[PDB]
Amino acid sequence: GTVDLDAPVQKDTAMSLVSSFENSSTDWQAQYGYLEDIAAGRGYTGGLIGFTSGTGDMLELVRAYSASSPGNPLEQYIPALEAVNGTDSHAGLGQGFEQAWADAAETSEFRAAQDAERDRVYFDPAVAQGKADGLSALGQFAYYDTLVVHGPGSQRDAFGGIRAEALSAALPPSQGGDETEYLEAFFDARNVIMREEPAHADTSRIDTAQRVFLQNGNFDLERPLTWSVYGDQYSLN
C-alpha cells in the first residue's frame, strides 16, 4: 500500500463502507439520526456507527455533546442513560428521547459530537494499530470495522482479542509476515466471533466485501469499489 485509511478520500470511502453494513446505504451522512433497538440485547443503537445505550458509548457521546453544547435536547436524558447503562432497558427514555435524538441529529453540533466519538474510540485507534502492524489502508479498514462491531477491549470477543487470535496464526507485516496471509487469518478469527452471536451470524461484511477487496489486491482501498452485503450490491465511484 501507499496511503493510510485516514487520508481524506479513503476515510470517506471507509464511512460509506461501514454505512452499507450498518444501514444498507452508502450515504453515510444520512445516518447520524439513525436510532433503533435491533433487539440484540444492547438497548438503543444510534448514529453513524451504532453507539448503544447498553454498552456505555451512547452515554459517553451524549455527555460530550452536552459539554460542547449545553442545553441541547438530549442532555435531560443523561440520568436515564446512566441508569440503563449495562442493560438493554429503555426506562426513562422512550418517545421523548427518540424525538430529542431526531432533533439533535439536525444540528452541526450533534453531528460533530458523533464524529469525535467515532474518531477517538474507533477510527483513530484502528488506523494507529494498523499502521503499527504494518498494514495497508485495507488492513486498517479491517481493524476499523472490527472495532465498530465488536468494540475495543482485550477480551476474546473484542478487537484486541480478535487481533491476538490472528497474530497467533499469522505474523503481521511489521514482523516480516505477508499482508494477505495475515488478513486472511484476521478475517477467519473475526468470523468465529461473529458467528457466536445470532445478530452477527451473517458475515457478509467480511465475506462478500472485505475479503473481495483483499482478493482484488485493493490494498489502498481505491475507487471504484463494488461489494455486497446482506445479498445487496453497492458501488462507489
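Numbers follow the displayed sequence, beginning with 1.
Averaging the C-alpha B factors as listed in the entry, name the stretch that ends up higher: 222-230 or 8-16. Mean C-alpha B-factor is greater for 222-230.
Using only C-alpha atoms and the B-factors in the entry, which stretch averages higher, 147-155 or 102-110? According to the entry, 102-110 carries the higher average C-alpha B-factor.
In the PDB entry, which of 26, 66, 52, 208 has its C-alpha at the highest B-factor? Of 26, 66, 52, 208, 66 has the highest C-alpha B-factor.
Selection by C-alpha B-factor (highest) of 128, 83, 162, 137: Reading the PDB entry, the winner on C-alpha B-factor is 83.
Modelled-residue ranking by C-alpha temperature factor, third containing residue 200: Its C-alpha B-factor belongs to the highest third of this chain's values.
Using the B-factors in the PDB entry, rank residue 192's C-alpha atom against the chain and give the third, lowest, middle or highest. Tercile = middle for this residue's CA B-factor.
How does the C-alpha B factor of residue 35 compare with the rest of the chain: lowest, middle or highest third? Its C-alpha B-factor, which the entry lists for residue 35, ranks in the lowest third among residues of this chain.
Among the modelled residues of this chain, does the Cα B factor of residue 117 put it in the lowest, middle or highest third? CA B-factor rank for residue 117: middle third.
Considering every modelled residue of the chain and its Cα B-factor in the PDB entry, is residue 88 in the lowest, middle or highest third? Residue 88: CA B-factor falls in the middle third of its chain.
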